[PDB]
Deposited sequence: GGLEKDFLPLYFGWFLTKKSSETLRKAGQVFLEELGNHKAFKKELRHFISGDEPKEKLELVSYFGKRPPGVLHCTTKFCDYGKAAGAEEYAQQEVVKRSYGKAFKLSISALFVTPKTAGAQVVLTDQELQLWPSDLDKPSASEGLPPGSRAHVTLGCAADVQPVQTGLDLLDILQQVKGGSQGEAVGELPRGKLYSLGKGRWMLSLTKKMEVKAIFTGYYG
């Protein structure tokens, strides 16, 4: 009896359209921003302008999601232990509201930061060999929605990318906002990394369930 490929919160059609459009507008605004344009060298080693919607060409086709535990049908470490928790079984098929606090972009991925409630944090995995990228950071900090990936990148990168962006804000290194977009303040973390802090947290609805490929 096998597990899904992964468990996660799957956004409603409506919420996915909303966040998807938010991400795309952000990519069109970021790519046109003069602060971004003057840093293109720290972005692509390739003078004309980069179109980020095109740059992030591998995108989710339909509904968006926030992954909790990648299971690979039970091949992944901790997959069974995770799937067996009462809270997971109990939460299966239930609606949740997810709060997105920021949109981000690196040379590798574009995504949205999810800020989990403590209830939702109960559905966040407690891995038995923790990532040194994750470590130092409050649990669930890795929670995100993938918006796009560059050609050579696997969408699991997005999470590592977000933890990286946050490792720096932990060291108070985000620095001074270099711009004001209609939705929030634009931060340049360097190394091709960008973060938009939303003035107002987007709220999205999603169903907690398992995806089987």
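- Stretches of the deposited sequence absent from the structure, as judged by C-alpha coordinates, are 1-5, 52-54.
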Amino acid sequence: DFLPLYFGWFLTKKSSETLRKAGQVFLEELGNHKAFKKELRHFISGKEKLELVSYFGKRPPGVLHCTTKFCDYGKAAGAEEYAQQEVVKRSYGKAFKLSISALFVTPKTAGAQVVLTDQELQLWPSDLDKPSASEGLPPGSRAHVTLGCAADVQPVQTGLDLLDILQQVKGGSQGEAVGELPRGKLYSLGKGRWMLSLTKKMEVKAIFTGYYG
From here on, numbers count along this sequence of modelled residues.
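- Per the records, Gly93 is modelled in every other compared entry, just as the shown structure includes it, so no third of them leave it out.
- Compared with other PDB entries of the same protein, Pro131 is missing from at least a third of those that resolve the residues around it.
- Of the two stretches examined, 76-84 and 125-133, the record assigns the greater average C-alpha temperature factor to 125-133.
- Stretches 144-152 and 178-186 differ in mean C-alpha B factor, with the higher average recorded for 178-186.
- Set against one another, the Cα B-factors of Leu162, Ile44, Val63, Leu52 in the record reach their highest point at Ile44.
- Ranked against the other modelled residues of its chain, the C-alpha B-factor of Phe70 as given in the entry falls in the lowest third.
- Per the PDB record, residue ranking by Cα B-factor puts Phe36 in the highest third of the chain.
- Ranked by C-alpha B-factor against the other modelled residues of its chain, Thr12 falls in the lowest third.
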